[PDB]
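A.B. asks: sequence first, structure after, both from an experimental entry:
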Amino acid sequence: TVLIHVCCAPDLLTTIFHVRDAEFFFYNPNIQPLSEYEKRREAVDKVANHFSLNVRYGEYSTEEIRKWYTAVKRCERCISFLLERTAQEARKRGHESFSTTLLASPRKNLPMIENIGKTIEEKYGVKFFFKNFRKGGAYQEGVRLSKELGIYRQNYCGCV
Ligand code: SF4
Ligand SMILES: [Cl-]
Ligand SMILES: [Zn+2]
């Protein structure tokens, strides 16, 4: 079983075209202010209820945001912070692998994410699952499903 960090609903939609049995982990203290975190969270919840996904919602609090701010090249930091928490959760909950929907994400740097994931794997002993999540047309498939579900598609990465 694989625990997949979720950044946003559009990238979750792309991802679920190809992953069959996952637990998802919405953890993003980088997203501010609270109204934007909640907007993104509610869109993920809408996708999860539509497709009966198993999503867990991580901590979002003043403290959690301070931990992230202390951590943040800055995107390398940010992504490593999110995936470290994910791999910690994967070990706690007995998942032998972890991944992230950031791999679906058209803007992001696939080599940098795979490098971070492999480094975190070596630290925690949870296998990092890499996939070209946009491949298989899945990306345009995620767009079509976003439109259909009327899913919030954001306009910036999340942080201030
Ligand atoms: S742009 Fe995105 S990846 Fe880079 S620091 Fe901000 S939230 Fe993190
Ligand atoms: Cl994103
Ligand atoms: Zn995303």
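C.D. replies: In hand now; what should we look at? Residues are numbered from 1 along each chain as shown. Ligands and ions are numbered 1, 2, ... in the order given.

A.B. asks: can you tell me which residues contact whichever residue of the chain sits closest to ligand 2?
C.D. replies: With Cβ to the ion as the measure, the residue in the chain that lies nearest ligand 2 is residue 7; the distance is 3.8 Å. (Each C-beta comes from the backbone N, C-alpha and C, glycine too.) With contact set as Cβ atoms under 8 Å, 6 or more residues apart in numbering, residue 7 has these partners: 28, 82, 100, 101, 102, 105, 158.

A.B. asks: how about residue 105?
C.D. replies: Neighbour list for residue 105: 7, 11, 14, 134 [criterion: Cβ under 8 Å, 6+ apart].

A.B. asks: do the same with residue 86
C.D. replies: Under the contact definition (Cβ under 8 Å, 6+ apart), the residues listed for residue 86 are 3, 4, 5, 25, 27, 98, 100.

A.B. asks: one more time with 10 Å, if that's ok
C.D. replies: Shown here is residue 86, whose contacts under the criterion Cβ atoms under 10 Å, 6 or more residues apart in numbering are 3-6, 25, 27, 58, 95, 98-100, 117, 120, 124, 126, 128.

A.B. asks: tell me the most packed of the contacts of residue 7, by neighbour count.
C.D. replies: Per-residue neighbour counts (other Cβ atoms under 10 Å) across the contacts of residue 7 peak at residue 100, which has 28 neighbours.

A.B. asks: that one and residue 152: what is the separation?
C.D. replies: Relative to residue 152, residue 100 is positioned 19 Å away (criterion: Cβ to Cβ, to the nearest Å).

A.B. asks: with residue 2 instead?
C.D. replies: Here residue 2 is placed at a distance of 25 Å from residue 152 (Cβ to Cβ).

A.B. asks: what's the answer for residue 57, then?
C.D. replies: As for residue 57, its distance to residue 152 is 16 Å (criterion: Cβ to Cβ).

A.B. asks: can you list contacts of stretch 59-77?
C.D. replies: Residues outside stretch 59-77 that contact it (Cβ under 10 Å, 6+ apart): 26-34, 37-38, 41, 58, 78, 80-82, 84-85, 102, 107-109, 112-113, 115-116, 157, 159-160.

A.B. asks: between the contacts of residue 105, which sits nearest ligand 1?
C.D. replies: If you rank the contacts of residue 105 by distance to ligand 1 using Cβ to the nearest ligand atom, residue 7 comes first, at 8.6 Å.
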